[PDB]
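Down below is the structure, laid out as structure tokens.
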Amino acid sequence: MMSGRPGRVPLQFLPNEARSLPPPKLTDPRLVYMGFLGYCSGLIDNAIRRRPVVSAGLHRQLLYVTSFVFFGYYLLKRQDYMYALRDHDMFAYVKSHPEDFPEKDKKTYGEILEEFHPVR
Amino acid sequence: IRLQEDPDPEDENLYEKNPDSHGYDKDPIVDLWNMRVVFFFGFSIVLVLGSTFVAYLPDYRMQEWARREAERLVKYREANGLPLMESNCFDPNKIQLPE
Amino acid sequence: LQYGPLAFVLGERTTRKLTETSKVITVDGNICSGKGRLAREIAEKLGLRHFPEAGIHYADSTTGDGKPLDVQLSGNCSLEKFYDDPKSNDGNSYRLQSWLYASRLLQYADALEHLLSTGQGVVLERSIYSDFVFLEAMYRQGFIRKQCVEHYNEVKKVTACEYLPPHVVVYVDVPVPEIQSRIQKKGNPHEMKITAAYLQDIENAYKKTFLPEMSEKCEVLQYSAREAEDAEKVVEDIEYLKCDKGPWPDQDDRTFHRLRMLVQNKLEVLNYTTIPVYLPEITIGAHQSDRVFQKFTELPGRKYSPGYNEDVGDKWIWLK
Amino acid sequence: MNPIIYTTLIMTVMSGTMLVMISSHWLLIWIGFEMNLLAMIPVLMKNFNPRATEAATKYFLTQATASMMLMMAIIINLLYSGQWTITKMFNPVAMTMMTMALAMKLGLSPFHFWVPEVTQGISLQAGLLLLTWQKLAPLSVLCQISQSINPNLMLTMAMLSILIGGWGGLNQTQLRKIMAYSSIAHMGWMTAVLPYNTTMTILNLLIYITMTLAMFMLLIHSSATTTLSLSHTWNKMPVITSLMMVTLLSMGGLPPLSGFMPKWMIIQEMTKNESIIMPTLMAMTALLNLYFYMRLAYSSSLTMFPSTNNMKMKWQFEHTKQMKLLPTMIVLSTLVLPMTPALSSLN
Amino acid sequence: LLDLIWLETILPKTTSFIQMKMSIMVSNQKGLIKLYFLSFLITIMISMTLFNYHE
Amino acid sequence: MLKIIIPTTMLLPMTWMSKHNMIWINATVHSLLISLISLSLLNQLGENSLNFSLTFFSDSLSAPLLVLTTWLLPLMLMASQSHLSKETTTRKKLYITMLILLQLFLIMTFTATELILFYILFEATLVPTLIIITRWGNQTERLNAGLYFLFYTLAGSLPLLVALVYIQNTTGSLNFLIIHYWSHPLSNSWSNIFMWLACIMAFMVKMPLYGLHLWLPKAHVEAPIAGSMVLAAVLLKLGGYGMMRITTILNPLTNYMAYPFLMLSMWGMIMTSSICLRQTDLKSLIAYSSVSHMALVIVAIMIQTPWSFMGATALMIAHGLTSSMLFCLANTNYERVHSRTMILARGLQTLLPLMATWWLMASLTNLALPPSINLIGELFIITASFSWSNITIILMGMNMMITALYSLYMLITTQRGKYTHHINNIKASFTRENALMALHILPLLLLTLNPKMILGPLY
Amino acid sequence: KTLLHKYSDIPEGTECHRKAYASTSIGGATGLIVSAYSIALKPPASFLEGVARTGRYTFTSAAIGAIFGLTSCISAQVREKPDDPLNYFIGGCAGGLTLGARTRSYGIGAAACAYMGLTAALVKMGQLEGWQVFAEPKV
Amino acid sequence: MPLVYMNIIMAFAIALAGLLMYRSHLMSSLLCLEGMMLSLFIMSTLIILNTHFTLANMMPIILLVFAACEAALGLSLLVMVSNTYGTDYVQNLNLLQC
Amino acid sequence: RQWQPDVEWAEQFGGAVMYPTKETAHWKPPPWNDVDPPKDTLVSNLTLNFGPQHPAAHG
Ligand SMILES: CCCCCCCCCCCCCCCCCC(=O)OC[C@H](COP(=O)(O)OCCN)OC(=O)CCCCCCCCCCCCCCCCC
Ligand SMILES: CCCCCCCCCCCCCCCCCC(=O)OC[C@H](COP(=O)(O)OCCN)OC(=O)CCCCCCCCCCCCCCCCC
Ligand SMILES: CCCCCCCCCCCCCCCCCC(=O)O[C@@H](COC(=O)CCCCCCCCCCCCCCC)COP(=O)(O)OC[C@H](O)CO
Ligand SMILES: Nc1nc2c(ncn2[C@@H]2O[C@H](COP(=O)(O)OP(=O)(O)OP(=O)(O)O)[C@@H](O)[C@H]2O)c(=O)[nH]1
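Order-wise, the sequence lines are chains A, B, C, D, E, F, G, H and I. Those letters in the first sequence? Residues 355 to 474, per this note's numbering, in order. Those letters in the second sequence? Residues -9 to 89, per this note's numbering, in order. Those letters in the third sequence? Residues -4 to 315, per this note's numbering, in order. Those letters in the fourth sequence? Residues 40 to 386, per this note's numbering, in order. Those letters in the fifth sequence? Residues 281 to 335, per this note's numbering, in order. Those letters in the sixth sequence? Residues 806 to 1264, per this note's numbering, in order. Those letters in the seventh sequence? Residues 136 to 274, per this note's numbering, in order. Those letters in the eighth sequence? Residues 2 to 99, per this note's numbering, in order. Those letters in the ninth sequence? Residues 84 to 142, per this note's numbering, in order.
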């Protein structure tokens, strides 16, 4: 699309302006889903290595969950950052082009004339 | 020999070992317990109890409620000599007819 | 530490470990010729590690506690049947050679792995390159079909090609009349049930075929029955011959790293022992394979990966 | 190959790809491509079989030719604009020549001929590298010149790619050939959305790349190259074929598996661009990929196949290689659809 | 005649046969690099030409 | 919902982490408990659809279907724990995983608030079903059946995806609420016709109209009993739910474009019901019977009449219980005889007298006798369609006559008549088989007292 | 696309001869491309078979375009309803019939009749309302 | 745009066709490769010297030092192909048919 | 029991080409180890005559 927006410093995962947004809440439904992946990401690890799937190396499953929820958290913060930034210049652009977004006058359904299609 | 495969297994009869089998599993004690749970939670809790539940929901679609307003609406309209149910639901005074 | 790629990087070579007595001197001979004894005699004299001749349950010995398990669970073949009635239609005749050759292949691999991990050579009875003589012997006597010949040769080609031919081969020569003398003295009723044509077919292929085509890439030791008692003689005979033949006096450390990498992966070494060639004698159907695999799975020790089976007592499985 | 020599050889191959993605001078891009070509032929040459010499040869002649034609797309653009930066290209035929050349590096139009053949001769692990790591650098240039690309050119190229990739996959029995044929098919999805917003291309790239590491690495652990060889794996490794089958539907792209992640957004995007016949053909012919996918699924885990007696030997021993990073590749390949809005981070 | 002589022939088998016939034609290359690169010459010649991709 | 969904998915670890032989016991007990919770959701406010959250909402059409799926879930476990008793625990547990994973998808499909969300799980039911047919199916053609079943609905569903995203680019959001409140006259133009074709053909493959029905005799026959029920009791109605919902932005165009499929369906029911009279396999008989009754529902929607939808929902759910029950009927004798040919197992009333009864109301319900919901469904559509055109009764009326002929034919040929002599491996019916059928027949008669819960949202 | 401009410039149902000539030229051009590809990936024994094969392929393609163009304009001419998509349908199916004649297989031509006739209405469908296959990037 | 640019442009074009028209010899085709990049070399020099792009004078040299460098591989794959088969013929370059 | 495919089903997927035709009626499946059969003797042991005209041959 942002690509080369006027100010995007390259290779900046979380630009300093992203902190002005509400950070993701610690028990975020999307974030805990990333935690779900971490549990799964260790679940096969016992499976493909031929180990007791439910209980074999709880540390590996613990590490898998812990890593995912962090990288998910930083991904989530940027995700909200871009979407807010996507909408931001969108909100400013329409006022930058007032004549080009002329919100129409509202005529109630009393005067609107739309034909009707009987069923038979 | 083509290959080494076991022939067609004999279709076991659950009654052959325990005639009191309920056709739910091999082990006699779980068969009785399987029979208990399938029935108990099949008819009493869901079929029987649920039927009384579903039979006794509150007013569905405000059905009797819809009837109730008709009576006063019926008594209102004919007493003062106005047609008991107007032809156009949306009052033509509100709308505008173009051209 | 394993030869995992880091091993070759930080300094673990193989040429340092190999020394003067770092050669695979296979020992062979006619049937019932005492080659197993003679192979053992060369073993303690030089200091060569001995590998007992692989049978049906050699792979059993490598895994778990050895404990040779059910034949139907650990090979689905019995050589005693081949002794009694070698024309059985169930295919147990060919199932010997296929499973035996795979057993020989595992023994050959573990021979090189020990050699490349300690430097001590290996004396092996009936190396993988001496398995084919039995097969055509079962082919010449009609015990197996010509398609059984093609599949085994194809397996031999796609497996033994990446397996270098041993330095020195040893054969104690015993003609058919002497073979008959030893077998009747043995006693085990199954091995009496042999045909002299089979014993004759063992020897000539071992002589007209085995010795020539391997002498090009090895130092052949054609030996009579007298030297079997004189096990001392072979000691200085192998020490005298320079062993300047075959691929061995040509490779470097990098090849030996490649060799140890493949042998360390035990599944790889025999990954081509089960080529999808649907031969009626060797193929096993879906239902039998599933149930037998189920029986194998519940066998103690093999339920999970080794060191992860709580049934044996592998404590800390929650943290291992 | 000496492992240290192999290690640095991959190091340059990534470096050449890295040079492409981190430079603006056209000439530096050609170096990144040539250096990558310079040190991947030996990777194919690791085993040194005459089949490998066959495939390693075929790759070089196509890839060397593509670099040369790409190189005139540099000089002609220089000849008609006096510029060296990667920007909106300033000459029509120069852009046509580069697109015609960059596509050959990937293979969408009959340029796709080398992709299956090259994959067959070379080893499985070297195949993995070819189908997943190289295919970043040519796409890296395209994402930067997409603004100047003739829209009515790759769309035919992408349509041809997805059509031929799916079409031939039905008749292939060698798992390497199926994998390469599917890559050609998915690469059609890559280029189809390219003239439009390229963020969806990156999402397709990332999703597909992680999706084929799982496919390949399970195949490596199976040590199988033919469908029958993969069929036998149910006996020794019944679960591995099961994860193979899970990848297969994500390979195909049926929701809720995240293999449908790329296709969905491609249709959504390309529908916003008043293009509705174009998505319909892609979704239609994408089913052709699913056909041989099911066939391989049917042989692998959905049914059972006659094993061999010697397979009982493999039961006793355990695999040695530690299938590095694989356990999360499968997870990040199937159940990722619910976390869809992450594509905003990609742009 | 209607259920599984024609209806299975109209949509299913015709589509299967169409995919059948052409998958033979798009998967029977002879492996000749000479033929491959000649096809490359055709595509590079045709693309820069009559389909007006040049402008 | 975030109320029934979690207990359903939390049931997934419950099957996985449970005792060896107790898997069936635990799964059956709590699956019935899930249904009991679903019984509550049946009540609906008069006009506004019951809304739970932004993602999920249930109207008076989803709720009658939603309870059926939850109530169905115990039945497959009951109906399938017989032939799979000789299987390993891991595969046994995996089978329970597949079924409840399927039932989870329907639960979130019928209650989806967004059409795109509706589509995602509408197709997602394909994966667990394909596993069920191919893996545990007991036949050779099941492989061909899986390909036929998968590709038929997927090839139809892809235009829906392209169609749905196009609506997104045109009319903003796509949830089932604002679509009905912001409806616009679909202008009659060639593009809109193809839009109409895309928005409809996907669902019409699911409830197979004549022609696009060749996957029913393949999928249903070769599938296992547990799979056989769902492919005929919920997923056929899955097209129905989409058809009711999506027919909100296609109604200046439905009237003109109804004709091609209407004649195909109306002739199809006479065609399909005729196929039954000369069938050979009992399972195919029931499967082909499903085509005819469902083809009636095709007509039911496309007339787009308050009565037409009213009998549509009643027919579909009454169809689901009946055809699933008959599929259990086919399974019971099939396990005991090990063949699906009808004439092989003649004269079974004399041997099994209760199975004679359970088959009697099974065929009687398929007869659509009054007041059984099958009648109150078919009869409702007859009246609405007759008002649409008078000649409809000539076709559909004759269908009822043809429906009777084969429906008693299966009862008479198998149960009635002289028993077959050489068969001697017939045992007394297990209390499981009899109890399974009771939980199919009593609910059907229980709803007969109150059709208000079965008449759908237009009520 | 000057060659395709010829077909578009000629109003359908009018100037049947020129529309027919444009149609067969489109078919001949496509016949050239496929034959050139065919001779490359499937080389013949010699040039005698080489010219024979490209002759067959071009003749079929040129013929199919010839009849379809002729039928399309003549049908719209006789019926005086050029905008009707059927005016391409009877041409597309007829073109499929000619394909069967060249292959001498009634089944192949009938299959070509159903498919080509449907697409012929569809391409007329696209030029009619607004449809674009390769749409310019707008968003 | 003068003829000196054009004449060598079709010099590449006939070279591009030459490499794409394998007769029997990959050695002959290989020899067509470096001639083809020589056309690139001369065009690079002609434009750069004409426009006095001072810093860009390095580029034509480094164009040689990679095209010639990869030409080592072009022989190296060839020098190995000619061993197993016995010739450089591309007719035998079809062992990988499947 | 549940039907399980035998080798007759396996041979359908066992060919080098999934859909055999007259053109592919002879395409042999690839070698299982991917090592194609090594070419026959291609040695170039040249024979040289170092004399008797050669001055080093000593006449
Ligand atoms: C999206 C739709 C679905 C898509 C995926 C569908 C996948 C299956 C589809 C069919 C696949 C083909 C047919 C079946 C193939 C079976 C493959 C296989 O290997 O089966 C046999 C195998 C034997 O089991 P084994 O490996 O010994 O492991 C047993 C468990 N230790 O079996 C196994 O290995 C089974 C392993 C089971 C592991 C179970 C782990 C349970 C974990 C539960 C965690 C609960 C946490 C609860 C927390 C509560 C509080 C929050
Ligand atoms: C409105 C404007 C246009 C008006 C005129 C109508 C359109 C142009 C004329 C019709 C074009 C489409 C019909 C097919 C033309 C090519 C026919 C052809 O090549 O026939 C030979 C051959 C088929 O026979 P074969 O399978 O080889 O069997 C015999 C083997 N000994 O061929 C083959 O084997 C090749 C593979 C099958 C054909 C592939 C598709 C070729 C055509 C692509 C679409 C062309 C569309 C042209 C018009 C739009 C674009 C300008
Ligand atoms: C297996 C075959 C298919 C099975 C049956 C499926 C149903 C048949 C119809 C399939 C239609 C697929 C595409 C529909 C997507 C939504 C289209 C829509 O909403 O309507 C558009 C209808 O527009 C179309 O052109 C839609 C596609 C029409 C048909 C052409 C392609 C479909 C047919 C061939 C592909 C599918 C067949 C399989 C091929 C292997 C409106 O856009 P517009 O054209 O008005 O755009 C604005 C402006 O006018 C500029 O365009
Ligand atoms: N098929 C097959 N049979 C083998 C193989 N190795 C050994 N045998 C069988 O092993 C059996 C015993 O061999 P003998 O040589 O008689 O054994 P022995 O009596 O201990 O005598 P020595 O081997 O000389 O020690 C014979 O039936 C052989 O055919 C092999 O690789 N393949």
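The beta carbon of each residue, even a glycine, is placed where N, CA and C say it ideally should be.
Comparing alpha carbon positions, the residue from C:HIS162, C:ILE178, C:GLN195 closest to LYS188 of chain C is C:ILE178. Using a Cβ-Cβ cut-off of 7 angstroms, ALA410 of chain A counts as an interface residue toward chain C, since at least one Cβ of chain C sits closer than that to its own. Excluding residues up to 5 positions away in sequence, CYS33, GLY36, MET37, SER40 lie with their Cβ nearer than 7 angstroms to the Cβ of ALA16 of chain H in the same chain. Contact check for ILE197 of chain C against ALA132 of chain C passes: the beta carbons are separated by less than 7 angstroms. Taking the Cβ of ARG403 of chain A as the reference point, every heavy atom of ligand 1 lies at 6 angstroms or farther away. Nearest C-alpha to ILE20 of chain C among C:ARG11, C:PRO0, C:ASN266, C:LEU119: C:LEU119. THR895 of chain F has its CB nearer than 6 angstroms to a heavy atom of ligand 1. For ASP23 of chain C, the enclosing beta strand (DSSP E) covers residues 20 to 24. When the Cα atoms are used, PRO113 of chain I and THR212 of chain D turn out to be separated by approximately 11 angstroms. For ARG362 of chain A, the CB contacts under 8 angstroms within the same chain, skipping 5 residues up- and downstream, are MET356, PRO369 in chain order.
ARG403 of chain A carries a coil assignment under DSSP once its states are collapsed to helix, strand and coil. DSSP places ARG221 of chain C in the uninterrupted alpha helix (DSSP H) bounded by 221 to 224. Within 6 angstroms of the C-beta of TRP821 of chain F there is at least one heavy atom belonging to ligand 1. Using a CB distance below 9 angstroms, the part of the segment 34 to 58 of chain B facing chain F consists of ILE35, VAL36, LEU37, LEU39, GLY40, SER41, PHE43, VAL44, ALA45, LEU47, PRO48, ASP49, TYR50, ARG51, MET52, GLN53, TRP55, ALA56, ordered along the chain. Distance from the C-beta of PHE205 of chain C to the nearest heavy atom of ligand 4 is not below 6 angstroms. With its beta carbon less than 7 angstroms from one in chain D, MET328 of chain E belongs to the interface.
Of the heavy atoms belonging to ligand 4, at least one sits nearer than 6 angstroms to the Cβ of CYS27 of chain C. For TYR158 of chain C, no alpha helix (DSSP H) encloses it, and the DSSP letter there is neither H nor E.
In the DSSP annotation of this structure, the continuous segment of the beta strand (DSSP E) that includes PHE46 of chain C starts and ends at 44 to 46. In the DSSP assignment, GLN217 of chain C falls outside any alpha helix (DSSP H) and within the unbroken beta strand (DSSP E) covering 214 to 218.
Relative to the non-hydrogen atoms of ligand 1, the Cβ of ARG297 of chain C never comes closer than 6 angstroms to any of them. Spatial neighbours of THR237 of chain D in its own chain (CB-CB distance under 7 angstroms, excluding positions within 5 residues in sequence) are listed in chain order as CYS182, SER185. Residues of chain H whose Cβ lies closer than 9 angstroms to the Cβ of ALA112 of chain D do not exist, since the nearest Cβ in that chain is about 11 angstroms away. Annotation for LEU95 of chain C: no beta strand (DSSP E) segment contains it, though the alpha helix (DSSP H) segment containing it runs 87 to 113. At least one CB of chain C lies nearer than 7 angstroms to the CB of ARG405 of chain A.
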